[PDB]
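Structure file run-v4.pdb (PDB, C-alpha atoms) is printed below.
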```
ATOM      1  CA  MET A   1     -10.069 -18.161  -2.293  1.00  0.00           C
ATOM      2  CA  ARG A   2      -8.378 -16.327   0.577  1.00  0.00           C
ATOM      3  CA  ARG A   3      -4.660 -15.747   1.042  1.00  0.00           C
ATOM      4  CA  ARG A   4      -2.341 -13.497   3.023  1.00  0.00           C
ATOM      5  CA  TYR A   5       1.147 -12.651   1.826  1.00  0.00           C
ATOM      6  CA  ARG A   6       4.038 -10.745   3.311  1.00  0.00           C
ATOM      7  CA  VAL A   7       5.005  -7.888   1.001  1.00  0.00           C
ATOM      8  CA  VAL A   8       7.809  -5.337   0.876  1.00  0.00           C
ATOM      9  CA  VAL A   9       7.428  -2.178  -1.176  1.00  0.00           C
ATOM     10  CA  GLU A  10      10.113   0.386  -1.854  1.00  0.00           C
ATOM     11  CA  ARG A  11      10.190   3.698  -3.697  1.00  0.00           C
ATOM     12  CA  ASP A  12      13.417   4.454  -5.586  1.00  0.00           C
ATOM     13  CA  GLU A  13      15.118   7.802  -6.230  1.00  0.00           C
ATOM     14  CA  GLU A  14      12.930   8.358  -9.296  1.00  0.00           C
ATOM     15  CA  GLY A  15       9.947   7.775  -7.040  1.00  0.00           C
ATOM     16  CA  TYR A  16       9.173   4.495  -8.803  1.00  0.00           C
ATOM     17  CA  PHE A  17       8.000   1.377  -6.956  1.00  0.00           C
ATOM     18  CA  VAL A  18       9.169  -2.210  -6.683  1.00  0.00           C
ATOM     19  CA  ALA A  19       7.235  -4.800  -4.691  1.00  0.00           C
ATOM     20  CA  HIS A  20       8.478  -8.161  -3.456  1.00  0.00           C
ATOM     21  CA  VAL A  21       6.145 -10.951  -2.345  1.00  0.00           C
ATOM     22  CA  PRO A  22       8.647 -13.495  -0.947  1.00  0.00           C
ATOM     23  CA  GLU A  23       6.224 -16.389  -0.452  1.00  0.00           C
ATOM     24  CA  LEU A  24       5.357 -16.152  -4.162  1.00  0.00           C
ATOM     25  CA  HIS A  25       8.969 -15.610  -5.274  1.00  0.00           C
ATOM     26  CA  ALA A  26       7.648 -12.644  -7.248  1.00  0.00           C
ATOM     27  CA  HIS A  27       8.732  -9.092  -8.006  1.00  0.00           C
ATOM     28  CA  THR A  28       6.606  -6.396  -9.637  1.00  0.00           C
ATOM     29  CA  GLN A  29       7.432  -2.793 -10.504  1.00  0.00           C
ATOM     30  CA  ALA A  30       5.505   0.321 -11.553  1.00  0.00           C
ATOM     31  CA  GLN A  31       5.838   4.101 -11.789  1.00  0.00           C
ATOM     32  CA  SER A  32       2.828   4.876  -9.600  1.00  0.00           C
ATOM     33  CA  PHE A  33       1.145   3.375  -6.552  1.00  0.00           C
ATOM     34  CA  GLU A  34      -2.052   2.760  -8.543  1.00  0.00           C
ATOM     35  CA  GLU A  35      -0.110   0.883 -11.224  1.00  0.00           C
ATOM     36  CA  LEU A  36       1.784  -1.116  -8.603  1.00  0.00           C
ATOM     37  CA  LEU A  37      -1.424  -2.366  -6.982  1.00  0.00           C
ATOM     38  CA  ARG A  38      -2.844  -3.351 -10.377  1.00  0.00           C
ATOM     39  CA  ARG A  39       0.246  -5.278 -11.464  1.00  0.00           C
ATOM     40  CA  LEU A  40       0.631  -6.807  -8.011  1.00  0.00           C
ATOM     41  CA  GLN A  41      -2.934  -8.152  -8.153  1.00  0.00           C
ATOM     42  CA  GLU A  42      -2.420  -9.424 -11.706  1.00  0.00           C
ATOM     43  CA  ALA A  43       0.873 -11.076 -10.732  1.00  0.00           C
ATOM     44  CA  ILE A  44      -0.587 -12.779  -7.647  1.00  0.00           C
ATOM     45  CA  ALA A  45      -3.518 -14.057  -9.715  1.00  0.00           C
ATOM     46  CA  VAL A  46      -1.132 -15.632 -12.220  1.00  0.00           C
ATOM     47  CA  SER A  47       0.961 -17.191  -9.426  1.00  0.00           C
ATOM     48  CA  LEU A  48      -2.181 -18.802  -7.996  1.00  0.00           C
ATOM     49  CA  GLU A  49      -3.394 -19.772 -11.498  1.00  0.00           C
ATOM     50  CA  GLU A  50      -6.545 -17.752 -10.789  1.00  0.00           C
ATOM     51  CA  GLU A  51      -8.402 -15.427 -13.173  1.00  0.00           C
ATOM     52  CA  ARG A  52      -8.242 -12.393 -10.906  1.00  0.00           C
ATOM     53  CA  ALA A  53      -6.983 -11.326  -7.480  1.00  0.00           C
ATOM     54  CA  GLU A  54      -7.858  -8.306  -5.360  1.00  0.00           C
ATOM     55  CA  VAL A  55      -6.055  -6.725  -2.455  1.00  0.00           C
ATOM     56  CA  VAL A  56      -8.770  -6.384   0.202  1.00  0.00           C
ATOM     57  CA  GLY A  57      -6.421  -5.279   2.936  1.00  0.00           C
ATOM     58  CA  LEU A  58      -2.939  -4.717   4.248  1.00  0.00           C
ATOM     59  CA  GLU A  59      -1.488  -4.472   7.748  1.00  0.00           C
ATOM     60  CA  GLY A  60       2.072  -3.231   8.069  1.00  0.00           C
ATOM     61  CA  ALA A  61       4.478  -0.368   8.608  1.00  0.00           C
ATOM     62  CA  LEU A  62       4.840   2.757   6.465  1.00  0.00           C
ATOM     63  CA  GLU A  63       8.281   4.352   6.073  1.00  0.00           C
ATOM     64  CA  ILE A  64       7.897   8.117   5.854  1.00  0.00           C
ATOM     65  CA  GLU A  65      10.182  10.884   4.619  1.00  0.00           C
ATOM     66  CA  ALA A  66       8.980  14.360   5.620  1.00  0.00           C
ATOM     67  CA  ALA A  67      10.257  17.896   5.107  1.00  0.00           C
TER      68      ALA A  67
ATOM     69  CA  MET B   1      12.833  13.768   9.070  1.00  0.00           C
ATOM     70  CA  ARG B   2      12.360   9.996   9.188  1.00  0.00           C
ATOM     71  CA  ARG B   3       9.467   8.105  10.746  1.00  0.00           C
ATOM     72  CA  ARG B   4       7.902   4.655  10.616  1.00  0.00           C
ATOM     73  CA  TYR B   5       4.248   4.073  11.405  1.00  0.00           C
ATOM     74  CA  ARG B   6       2.091   1.000  11.720  1.00  0.00           C
ATOM     75  CA  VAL B   7      -0.813   1.223   9.280  1.00  0.00           C
ATOM     76  CA  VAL B   8      -3.944  -0.809   8.604  1.00  0.00           C
ATOM     77  CA  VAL B   9      -5.750  -0.491   5.292  1.00  0.00           C
ATOM     78  CA  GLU B  10      -9.075  -2.037   4.400  1.00  0.00           C
ATOM     79  CA  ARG B  11     -11.187  -2.113   1.252  1.00  0.00           C
ATOM     80  CA  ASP B  12     -14.961  -2.000   1.801  1.00  0.00           C
ATOM     81  CA  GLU B  13     -17.752  -3.614  -0.229  1.00  0.00           C
ATOM     82  CA  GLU B  14     -17.783  -0.641  -2.606  1.00  0.00           C
ATOM     83  CA  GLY B  15     -14.071  -1.216  -3.076  1.00  0.00           C
ATOM     84  CA  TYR B  16     -13.273   2.024  -1.253  1.00  0.00           C
ATOM     85  CA  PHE B  17     -10.357   2.372   1.174  1.00  0.00           C
ATOM     86  CA  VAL B  18      -9.946   3.445   4.778  1.00  0.00           C
ATOM     87  CA  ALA B  19      -6.530   3.679   6.419  1.00  0.00           C
ATOM     88  CA  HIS B  20      -5.758   3.836  10.127  1.00  0.00           C
ATOM     89  CA  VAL B  21      -2.413   5.018  11.498  1.00  0.00           C
ATOM     90  CA  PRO B  22      -2.825   4.237  15.227  1.00  0.00           C
ATOM     91  CA  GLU B  23       0.309   6.001  16.476  1.00  0.00           C
ATOM     92  CA  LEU B  24      -0.991   9.210  14.870  1.00  0.00           C
ATOM     93  CA  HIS B  25      -4.599   8.661  15.993  1.00  0.00           C
ATOM     94  CA  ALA B  26      -5.558   9.320  12.376  1.00  0.00           C
ATOM     95  CA  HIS B  27      -7.987   7.908   9.833  1.00  0.00           C
ATOM     96  CA  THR B  28      -8.044   8.681   6.112  1.00  0.00           C
ATOM     97  CA  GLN B  29     -10.342   7.421   3.365  1.00  0.00           C
ATOM     98  CA  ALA B  30     -10.396   7.457  -0.443  1.00  0.00           C
ATOM     99  CA  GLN B  31     -12.040   5.761  -3.423  1.00  0.00           C
ATOM    100  CA  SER B  32      -8.795   4.610  -5.033  1.00  0.00           C
ATOM    101  CA  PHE B  33      -5.397   3.386  -3.877  1.00  0.00           C
ATOM    102  CA  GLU B  34      -3.688   6.368  -5.536  1.00  0.00           C
ATOM    103  CA  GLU B  35      -5.976   8.795  -3.703  1.00  0.00           C
ATOM    104  CA  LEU B  36      -5.460   6.961  -0.413  1.00  0.00           C
ATOM    105  CA  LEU B  37      -1.674   7.293  -0.618  1.00  0.00           C
ATOM    106  CA  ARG B  38      -1.968  11.004  -1.427  1.00  0.00           C
ATOM    107  CA  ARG B  39      -4.328  11.768   1.453  1.00  0.00           C
ATOM    108  CA  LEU B  40      -2.348   9.537   3.801  1.00  0.00           C
ATOM    109  CA  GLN B  41       0.845  11.473   3.030  1.00  0.00           C
ATOM    110  CA  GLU B  42      -0.964  14.804   3.408  1.00  0.00           C
ATOM    111  CA  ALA B  43      -2.515  13.687   6.704  1.00  0.00           C
ATOM    112  CA  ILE B  44       0.792  12.453   8.150  1.00  0.00           C
ATOM    113  CA  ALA B  45       2.472  15.720   7.149  1.00  0.00           C
ATOM    114  CA  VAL B  46      -0.177  17.713   9.010  1.00  0.00           C
ATOM    115  CA  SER B  47       0.125  15.466  12.088  1.00  0.00           C
ATOM    116  CA  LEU B  48       3.880  16.102  12.162  1.00  0.00           C
ATOM    117  CA  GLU B  49       3.362  19.823  11.419  1.00  0.00           C
ATOM    118  CA  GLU B  50       5.544  19.345   8.333  1.00  0.00           C
ATOM    119  CA  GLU B  51       5.012  20.819   4.857  1.00  0.00           C
ATOM    120  CA  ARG B  52       5.039  17.486   3.051  1.00  0.00           C
ATOM    121  CA  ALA B  53       5.449  13.764   3.718  1.00  0.00           C
ATOM    122  CA  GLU B  54       6.224  10.904   1.353  1.00  0.00           C
ATOM    123  CA  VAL B  55       5.765   7.186   1.744  1.00  0.00           C
ATOM    124  CA  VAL B  56       9.164   5.758   0.762  1.00  0.00           C
ATOM    125  CA  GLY B  57       8.343   2.222   1.779  1.00  0.00           C
ATOM    126  CA  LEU B  58       6.079  -0.275   3.452  1.00  0.00           C
ATOM    127  CA  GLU B  59       6.649  -3.734   4.910  1.00  0.00           C
ATOM    128  CA  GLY B  60       3.586  -5.766   5.809  1.00  0.00           C
ATOM    129  CA  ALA B  61       1.008  -8.354   4.846  1.00  0.00           C
ATOM    130  CA  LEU B  62      -1.421  -8.192   1.920  1.00  0.00           C
ATOM    131  CA  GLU B  63      -4.874  -9.769   2.283  1.00  0.00           C
ATOM    132  CA  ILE B  64      -5.938 -11.232  -1.049  1.00  0.00           C
ATOM    133  CA  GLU B  65      -9.300 -12.285  -2.457  1.00  0.00           C
ATOM    134  CA  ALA B  66      -8.995 -14.337  -5.656  1.00  0.00           C
ATOM    135  CA  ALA B  67     -11.446 -16.005  -8.022  1.00  0.00           C
TER     136      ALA B  67
END
```

Reformat the file's structure so that it appears as structure tokens.
Amino acid sequence: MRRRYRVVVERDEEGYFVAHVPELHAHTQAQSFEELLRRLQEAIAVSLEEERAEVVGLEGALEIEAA
Amino acid sequence: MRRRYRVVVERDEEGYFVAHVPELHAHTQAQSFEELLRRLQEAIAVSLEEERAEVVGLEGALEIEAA
């Protein structure tokens, strides 16, 4: 099955991540980007009562902090 | 310095990633999400002629494939 969901990801002071998928009323957190993606996919799968889910794409805006 | 850039990320058949940051006329690719983020940050830093860049956030839409 195919789905598209708005998502908001933020990195805290510790550099840890928290993602919010409003349409699914879900929140997921992780210490790395790799971990975030994995938990996000697992969480979306559970929401949809599916065995597995995979992020095949994302279109959005990146917030950058440079020095 | 602070910046926000539109980004488009896609996962190919092999499950590999390619990111496009149109405003920076840049393309970056990697075999994992963790690697993509790292190269993306390094590439944006070079574009801005900065030493380092960090993705502190992202607001967008996730494309999901579930089974």

(request) Specify as a PyMOL selection string each residue included when the PyMOL selection byres ((chain B) within 8 of (chain A)) is applied to this file. (result) chain B and resi 1-12+32-34+37+45+50-67

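CA of residue 46 in chain A is found 17.3 Å from CA of residue 30 in chain A.
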
Reference chain B, mobile chain A, all Cα atoms fitted, written as a PDB file with C-alpha atoms, in the frame of the given file:
```pdb
ATOM      1  CA  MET A   1      12.832  13.767   9.070  1.00  0.00           C
ATOM      2  CA  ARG A   2      12.360   9.996   9.188  1.00  0.00           C
ATOM      3  CA  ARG A   3       9.466   8.105  10.746  1.00  0.00           C
ATOM      4  CA  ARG A   4       7.902   4.655  10.616  1.00  0.00           C
ATOM      5  CA  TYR A   5       4.248   4.073  11.405  1.00  0.00           C
ATOM      6  CA  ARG A   6       2.091   1.000  11.720  1.00  0.00           C
ATOM      7  CA  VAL A   7      -0.813   1.223   9.280  1.00  0.00           C
ATOM      8  CA  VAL A   8      -3.944  -0.809   8.604  1.00  0.00           C
ATOM      9  CA  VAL A   9      -5.750  -0.490   5.292  1.00  0.00           C
ATOM     10  CA  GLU A  10      -9.075  -2.036   4.400  1.00  0.00           C
ATOM     11  CA  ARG A  11     -11.187  -2.113   1.252  1.00  0.00           C
ATOM     12  CA  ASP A  12     -14.960  -2.000   1.801  1.00  0.00           C
ATOM     13  CA  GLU A  13     -17.752  -3.614  -0.229  1.00  0.00           C
ATOM     14  CA  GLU A  14     -17.783  -0.641  -2.607  1.00  0.00           C
ATOM     15  CA  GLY A  15     -14.071  -1.217  -3.076  1.00  0.00           C
ATOM     16  CA  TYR A  16     -13.273   2.024  -1.252  1.00  0.00           C
ATOM     17  CA  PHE A  17     -10.357   2.372   1.174  1.00  0.00           C
ATOM     18  CA  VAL A  18      -9.946   3.445   4.778  1.00  0.00           C
ATOM     19  CA  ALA A  19      -6.530   3.680   6.420  1.00  0.00           C
ATOM     20  CA  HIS A  20      -5.758   3.836  10.127  1.00  0.00           C
ATOM     21  CA  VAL A  21      -2.413   5.017  11.498  1.00  0.00           C
ATOM     22  CA  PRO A  22      -2.825   4.237  15.227  1.00  0.00           C
ATOM     23  CA  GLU A  23       0.309   6.001  16.476  1.00  0.00           C
ATOM     24  CA  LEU A  24      -0.991   9.210  14.870  1.00  0.00           C
ATOM     25  CA  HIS A  25      -4.598   8.661  15.993  1.00  0.00           C
ATOM     26  CA  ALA A  26      -5.557   9.320  12.376  1.00  0.00           C
ATOM     27  CA  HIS A  27      -7.987   7.908   9.833  1.00  0.00           C
ATOM     28  CA  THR A  28      -8.043   8.682   6.112  1.00  0.00           C
ATOM     29  CA  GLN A  29     -10.342   7.421   3.366  1.00  0.00           C
ATOM     30  CA  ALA A  30     -10.396   7.456  -0.443  1.00  0.00           C
ATOM     31  CA  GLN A  31     -12.040   5.761  -3.423  1.00  0.00           C
ATOM     32  CA  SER A  32      -8.794   4.611  -5.033  1.00  0.00           C
ATOM     33  CA  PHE A  33      -5.397   3.386  -3.877  1.00  0.00           C
ATOM     34  CA  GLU A  34      -3.688   6.368  -5.536  1.00  0.00           C
ATOM     35  CA  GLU A  35      -5.976   8.794  -3.703  1.00  0.00           C
ATOM     36  CA  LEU A  36      -5.460   6.961  -0.412  1.00  0.00           C
ATOM     37  CA  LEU A  37      -1.674   7.293  -0.617  1.00  0.00           C
ATOM     38  CA  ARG A  38      -1.969  11.004  -1.427  1.00  0.00           C
ATOM     39  CA  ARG A  39      -4.328  11.768   1.453  1.00  0.00           C
ATOM     40  CA  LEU A  40      -2.348   9.537   3.800  1.00  0.00           C
ATOM     41  CA  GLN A  41       0.845  11.473   3.030  1.00  0.00           C
ATOM     42  CA  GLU A  42      -0.963  14.804   3.408  1.00  0.00           C
ATOM     43  CA  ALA A  43      -2.515  13.687   6.704  1.00  0.00           C
ATOM     44  CA  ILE A  44       0.792  12.453   8.150  1.00  0.00           C
ATOM     45  CA  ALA A  45       2.472  15.721   7.149  1.00  0.00           C
ATOM     46  CA  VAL A  46      -0.177  17.713   9.010  1.00  0.00           C
ATOM     47  CA  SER A  47       0.124  15.466  12.088  1.00  0.00           C
ATOM     48  CA  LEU A  48       3.880  16.101  12.162  1.00  0.00           C
ATOM     49  CA  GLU A  49       3.362  19.824  11.419  1.00  0.00           C
ATOM     50  CA  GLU A  50       5.544  19.344   8.333  1.00  0.00           C
ATOM     51  CA  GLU A  51       5.012  20.818   4.857  1.00  0.00           C
ATOM     52  CA  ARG A  52       5.039  17.486   3.050  1.00  0.00           C
ATOM     53  CA  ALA A  53       5.449  13.765   3.718  1.00  0.00           C
ATOM     54  CA  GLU A  54       6.224  10.904   1.353  1.00  0.00           C
ATOM     55  CA  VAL A  55       5.765   7.186   1.745  1.00  0.00           C
ATOM     56  CA  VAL A  56       9.163   5.759   0.763  1.00  0.00           C
ATOM     57  CA  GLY A  57       8.344   2.222   1.780  1.00  0.00           C
ATOM     58  CA  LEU A  58       6.078  -0.275   3.452  1.00  0.00           C
ATOM     59  CA  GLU A  59       6.649  -3.734   4.909  1.00  0.00           C
ATOM     60  CA  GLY A  60       3.586  -5.766   5.809  1.00  0.00           C
ATOM     61  CA  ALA A  61       1.008  -8.354   4.846  1.00  0.00           C
ATOM     62  CA  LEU A  62      -1.421  -8.193   1.920  1.00  0.00           C
ATOM     63  CA  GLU A  63      -4.874  -9.769   2.283  1.00  0.00           C
ATOM     64  CA  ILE A  64      -5.938 -11.232  -1.049  1.00  0.00           C
ATOM     65  CA  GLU A  65      -9.301 -12.285  -2.458  1.00  0.00           C
ATOM     66  CA  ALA A  66      -8.994 -14.337  -5.655  1.00  0.00           C
ATOM     67  CA  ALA A  67     -11.446 -16.006  -8.022  1.00  0.00           C
TER      68      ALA A  67
END
```

(request) Could you please determine the separation between CA of residue 27 in chain B and CA of residue 40 in chain B in Å, to one decimal place? (result)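 Separation of CA of residue 27 in chain B and CA of residue 40 in chain B: 8.4 Å.
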
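Put simply, CA of residue 47 in chain B is 15.8 Å away from CA of residue 29 in chain B.
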